[PDB]
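I have placed the structure first, in the form of structure tokens, so that the comments after it can refer back to it.
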Amino acid sequence: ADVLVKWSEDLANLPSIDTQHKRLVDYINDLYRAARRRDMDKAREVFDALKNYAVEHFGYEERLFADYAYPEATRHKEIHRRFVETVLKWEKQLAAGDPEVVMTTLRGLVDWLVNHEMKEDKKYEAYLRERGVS
């Protein structure tokens with residue numbers, strides 16, 4: 001009753017990646033509690049940490065892609081870039097348009113965790129593991 005997103009064995013990936021993906025999960029759940037609270041101060045605070053961390057995380061994945069010539073680097077990097085664009089837009093709508101904007105961004109963040117952080121990222125795991133990345 002408290003949590004929006006939970007870890008799953010299907011999200012599990014390289015251990016260094018898990019560390020970062022787990023942090024995104026916690027930020028999503030933080031934003032969820034802030035919206036339930038409800039509490040726009042916290043929501044904007046959490047959103048900023050989420051925004052910065054997501055960008056750092058995308059930076060780390062792209063560093064691995066480049067170093068190891070991951071064949072789908074270009075597509076994956078562009079998906080990240082498009083999401084960051086989206087995130088900047090949400091940051092504008094969330095400051096402080098309505099309070100239900102935070103709900104539309106939570107809907108977007110759940111979709112992103114399920115379709116990207118799980119489904120899309122899982123694609124790089126074997127290739128990188130093969131080459132000694134963990």
Side-chain angles (χ1 to χ4, degrees):
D2 148 81
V3 144
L4 176 54
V5 167
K6 222 296 254 83
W7 192 253
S8 71
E9 66 185 14
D10 280 340
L11 170 50
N13 201 312
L14 304 169
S16 60
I17 285 297
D18 281 3
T19 299
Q20 302 188 344
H21 285 171
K22 282 172 186 172
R23 272 240 168 159
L24 292 158
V25 165
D26 295 337
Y27 281 134
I28 289 170
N29 286 330
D30 290 339
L31 182 62
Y32 173 71
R33 298 195 307 288
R36 209 182 55 181
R37 209 128 97 240
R38 58 183 7 176
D39 186 341
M40 295 305 295
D41 278 13
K42 188 48 130 277
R44 299 186 291 253
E45 178 161 311
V46 179
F47 196 82
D48 201 74
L50 177 48
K51 172 180 117 299
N52 293 333
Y53 193 85
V55 175
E56 291 188 1
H57 166 63
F58 297 158
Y60 174 62
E61 289 189 355
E62 293 162 14
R63 290 194 290 280
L64 298 176
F65 298 160
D67 289 6
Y68 292 100
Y70 178 53
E72 287 318 293
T74 298
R75 179 172 152 280
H76 193 130
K77 179 167 162 189
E78 168 64 8
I79 293 163
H80 284 165
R81 188 202 61 85
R82 283 196 221 93
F83 189 60
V84 174
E85 279 215 296
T86 292
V87 168
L88 300 172
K89 290 170 183 293
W90 284 336
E91 186 183 29
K92 291 180 192 173
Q93 263 292 71
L94 140 173
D98 281 6
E100 258 73 42
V101 153
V102 185
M103 301 297 293
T104 51
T105 88
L106 282 161
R107 173 163 62 70
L109 290 164
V110 172
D111 290 340
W112 173 261
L113 187 97
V114 169
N115 298 320
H116 184 81
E117 304 290 356
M118 298 189 37
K119 290 170 174 293
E120 190 54 52
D121 288 346
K122 279 289 275 175
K123 296 170 183 181
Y124 62 57
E125 175 173 21
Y127 175 93
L128 296 169
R129 277 190 185 271
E130 280 191 278
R131 295 159 170 74
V133 180
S134 64

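Because only heavy atoms are used, hydrogens play no part in the values below, and waters and symmetry mates are left out as well, while side chains stay in. If you read the sequence from its start, that first residue is 1, and numbering goes on from there.
For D48, the side-chain hydrogen bond (donor to acceptor under 3.5 Å, both in side chains) test picks out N52, with sequence neighbours left out. The side-chain hydrogen bond (donor to acceptor under 3.5 Å, both in side chains) check on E85 picks up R81, with sequence neighbours excluded. Partners of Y27 by side-chain hydrogen bond (donor to acceptor under 3.5 Å, both in side chains), not counting sequence neighbours: none found. Qualifying ring-ring contact (aromatic ring centres under 6.0 Å, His included) partners for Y60, counting only residues two or more places apart in sequence or in other chains: none. With sequence neighbours left out, the salt bridge (charged side-chain N to carboxylate O under 4.0 Å, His left out) criterion links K122 to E125. In this view, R23 satisfies the salt bridge (charged side-chain N to carboxylate O under 4.0 Å, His left out) rule with no residue, not counting sequence neighbours. Residues forming a salt bridge (charged side-chain N to carboxylate O under 4.0 Å, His left out) with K77 (at least two apart in sequence, or on another chain): none. Qualifying salt bridge (charged side-chain N to carboxylate O under 4.0 Å, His left out) partners for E120, counting only residues two or more places apart in sequence or in other chains: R75, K123.
Listed by first and then second residue, the side chain to side chain donor-acceptor pair (under 3.5 Å) pairs involving residues 3-12 amount to none (not counting sequence neighbours). Listed by first then second residue, pairs satisfying salt bridge (charged side-chain N to carboxylate O under 4.0 Å, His left out) with a partner in residues 54-64 number zero, not counting sequence neighbours. Evaluation of the ring pair (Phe, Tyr, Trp, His ring centres under 6.0 Å) test over residues 91-123, restricted to residues two or more places apart or in two chains, returns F58-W112, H76-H116, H80-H116, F83-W112, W112-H116.
Residues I28 and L106 approach most closely at O-CD2, 3.6 Å, considering heavy atoms.
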Just list the side-chain donor-acceptor pairs under 3.5 Å for residues 34-42, sequence neighbours left out, or say none.
residue, atom, partner, partner atom, Å
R36, NH1, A1, O, 2.9
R37, NH2, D39, OD2, 2.7
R38, NE, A35, O, 3.1
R38, NH1, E100, OE2, 3.2
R38, NH2, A35, O, 3.4
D39, OD1, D41, N, 3.2
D39, OD1, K42, N, 3.1
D41, OD1, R44, NH2, 3.0

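Separating the CG atom in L50 from the CH2 atom in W90 is a distance of 9.0 Å, to the nearest 0.5 Å.
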